[PDB]
Amino acid sequence: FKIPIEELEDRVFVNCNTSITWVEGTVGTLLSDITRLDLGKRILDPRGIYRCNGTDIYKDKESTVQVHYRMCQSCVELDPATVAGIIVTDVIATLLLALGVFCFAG
Amino acid sequence: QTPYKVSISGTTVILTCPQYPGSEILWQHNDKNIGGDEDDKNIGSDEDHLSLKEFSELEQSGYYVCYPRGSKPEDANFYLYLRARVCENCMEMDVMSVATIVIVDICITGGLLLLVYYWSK
Amino acid sequence: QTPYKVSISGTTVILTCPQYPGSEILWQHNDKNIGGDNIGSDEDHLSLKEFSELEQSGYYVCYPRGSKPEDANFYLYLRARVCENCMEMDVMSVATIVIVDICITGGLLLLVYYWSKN
Amino acid sequence: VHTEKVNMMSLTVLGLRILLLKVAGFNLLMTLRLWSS
Amino acid sequence: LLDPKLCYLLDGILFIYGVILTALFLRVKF
Amino acid sequence: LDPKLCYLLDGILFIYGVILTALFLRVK
Amino acid sequence: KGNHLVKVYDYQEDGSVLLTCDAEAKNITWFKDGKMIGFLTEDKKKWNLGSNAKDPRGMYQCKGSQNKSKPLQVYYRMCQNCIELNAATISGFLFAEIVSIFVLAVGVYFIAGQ
Amino acid sequence: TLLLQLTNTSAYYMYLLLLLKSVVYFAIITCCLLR
């Protein structure tokens, strides 16, 4: 038994057959009427541990889904060369500034 | 109850399930058994958790299962549906972390300047 | 060899497929028959003006008239993104402008120093 | 359409600005150390 | 994205630096 | 809005700051 | 069809480009700009190029089991460097350069033996 | 967003250029210092 998940346009839905009882996770923008609940934007990186009850052919069963999307948007691709150069030049510049303030103080 | 942990670093993903530690476990996704067969060397299952490298957006991005031998694949009551935009050599940083590091850098630089000026005496 | 050459400048894209000593050279695009008479089409280039990203990309095959659209030489699979005017700095251009600015600042600053020393 | 490298450029431009600030402060400080003003 | 927030943060830091020092200058000149 | 305005205002603030720095440390 | 079996897969929202050669053989290698570089092992026929940021180019051949496969091409130029040329950016460049030159000239003038 | 990348690249080039200018200024002042 699985929990079907489909993205119509930009929303991740959870509907299996009936209402889904959230137990821990994200319970935010929901168009909960009886069946489908979604969590709004796809880019919003939604997670959570869910549940739904017996379906049409399968009574009294209970299987849980766990959405763990990782559509990172605030998400930076660091280049080792660039970051290394930046940090080493920063420390060199601060040492040079210390040298300059020392030379002025005298 | 015993939630999954998808810990990822760069292009590689570490996926572990604490449902029943201490037993042989083969995790199948999409109606076929993908455990330890040395297939493609991409699935490295050492003791309990299986890792994937060269993750793709389309394939191997779907449901998942945990259960030991004896029990049938259609017995387990857990399913992980993860979609991972797996990226190479990258991380997630909000503005707060950058603000913190910038403020720290400015502060330590000012402190060093004041220290040197004090030593100038 | 046949070095299929594409040069993109501004919002107009022109290209060339050196295989022809002078022929009709019909063009194709995902089984479409782009060209003729509107949509840009030259004797050698295609002058892709107003080149948007999603609506205009894919295969491009240079095959002369009288031949099947399959037994051609090459393709290019042109994918490009045009904002408006912009320009692209290769490392040579940035090195050149940096060197020019070095020359300018060095000369002017040395001259003002010479003037001020007087 | 991806937002993967624009964050990298915005992070490195901050480093460039902080380096410019430090070096300008240094240079001003020494120039004033000399004499005149 | 974070560029607008980062630029405004750095601008705020530099404005704080400007304001404190002009206050100090106004103190000394007075 | 737009980052262009932010950067222009940052440059104006920077030049003002450096000029005031020079004046302050000249007088003091 | 004839002699043309190189299909590039696309319509994925992530930054990756990749090839497919629809040949039925064992260990079909990949040519590149006229000298061989890549090599294929089984269980995959998906000789990825990386990301559409480094602007991949060149003509690629997979050696079909008759003689060869003529290329398609690769050309990706998204934006990478995108300096605007409106009435704002060039004016800002000139203004900043003039201001910096002026400030440094004033400093140098003050510097000269005074 | 495209405009962010546009402005960011322009400004990165601008700030690199400014730092390059300040470097030669430092060279001049340090030549004066040592002499």
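Residues numbered from 1 in each chain as written, not as in the entry; some residues may be left out. Chains lettered and ligands numbered in written order. Heavy atoms only, no water.

Draft legend 1. Spotlight on the nonpolar core. Judged by nonpolar contacts, the single largest core of 22 residues is most densely connected at C:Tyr77, G:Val8, G:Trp30, G:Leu72 and G:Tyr76. Those residues in contact with G:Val8, other than ones at most four positions away along the chain, are C:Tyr59, C:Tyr77, G:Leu18, G:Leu19, G:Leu72 and G:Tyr76. In terms of nonpolar packing, the next biggest core, distinct from the first, is built from 21 residues, C:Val6, C:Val13, C:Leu48 and C:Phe74 among them. (Core = buried A, V, L, I, M, F, W, Y, C linked by side-chain atoms within 4.5 Å. Buried < 20%, exposed > 50% of the residue type's maximum accessible area, 1.4 Å probe, protein only. Contact = heavy atoms within 4.5 Å.)

Draft legend 2. Spotlight on the UniProt feature "transmembrane region" in chain G. The positions that UniProt labels "transmembrane region" are, in the present scheme, residues 92-112 of chain G. Annotated as 95% helix and 0% strand, the span residues 92-112 of chain G places its first and last C-alpha atoms 30 Å apart. (UniProt positions renumbered as here; feature names shortened; annotations may be inferred. Helix = DSSP H or I, 4+ residues; strand = E, 2+ residues; numbered from the N terminus.)

Draft legend 3. Representation of the sheet that holds strand β2 (residues 47-49) of chain A in the model. In spatial order, the strands read β1(A)-β2(A)-β3(A)-β5(B); together these four strands make up an open sheet with mixed pairing. The open sheet has two edge strands with one neighbour each: β1 (24-25) of chain A together with β5 (78-81) of chain B. Pairing between β2(A) and strand β3 (residues 64-68) of chain A: three bridges, direction antiparallel. Paired with A:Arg47 across the strands is A:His68, a residue of β3(A). (Pairing = 2+ DSSP bridges.)

Draft legend 4. Highlighting the state of the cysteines. Applying the stated criterion across every chain, the model contains eight disulfides over all chains. Between B:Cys87 and B:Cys90 runs a disulfide, and the two sulfur atoms are separated by 2.0 Å. Both residues of the pair, B:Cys87 and B:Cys90, count as buried. Two residues, G:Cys79 and G:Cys82, share a disulfide whose sulfurs are 2.0 Å apart. Across the pair, exposure class does not vary: G:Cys79 and G:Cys82 are buried alike. Taken in sequence order, the bonded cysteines of chain G link in the pattern 1-2, 3-4. (Disulfide = S-S within 2.5 Å.)

Draft legend 5. The arrangement of the interface of chain G and chain H in detail. Chain G puts 16 residues into the contact, and the matching count from chain H is 12 residues. Roughly 1200 Å² of surface becomes buried between chain G and chain H when both sides are summed, with 73% attributable to carbon and sulfur atoms. On the chain G side of the contact with chain H, G:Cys82, G:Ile83 and G:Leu104 bury the most area, a combined 32% of that side's loss. At the surface where chain G touches chain H, the tally comes to zero salt bridges. Counting the contacts that link chain G with chain H gives one residue pair in polar contact. Of the residues contributing to the side of chain G that touches chain H, the split by class is nine nonpolar, five polar and two charged. (Buried area = accessible area lost by both parts, 1.4 Å probe. Salt bridge = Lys/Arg side-chain N within 4 Å of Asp/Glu carboxyl O. Polar contact = N/O pair within 3.5 Å; in protein donor to acceptor, adjacent residues only side chain to side chain. Nonpolar A, V, L, I, M, F, W, Y, C, P; charged D, E, K, R; others polar.)

Draft legend 6. Seen up close, the UniProt feature "disulfide bond" in chain G. Residue and element names in this part refer to chain G. The sulfur-sulfur separation between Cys21 and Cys62, a disulfide according to UniProt, is 2.0 Å, below the 2.5 Å limit, so the bridge is formed here. Taken together, the residues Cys21 in the loop between β2 (18-20) and β3 (75-77) and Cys62 in the loop between β2 and β3 connect sequence positions 41 residues apart. Here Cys21 and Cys62 have matching classes, each one buried.

Draft legend 7. Examining the pairing of strand β1 (residues 5-9) of chain B more closely. Residues and elements named next belong to chain B. Note that β1 and strand β2 (residues 12-16) share five bridges and pair antiparallel. Bridging from a neighbouring strand, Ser9 pairs with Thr12 of β2. Hairpin remark: β1 followed by β2, antiparallel, with two residues in the connecting loop; positive phi at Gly10, about 65°.

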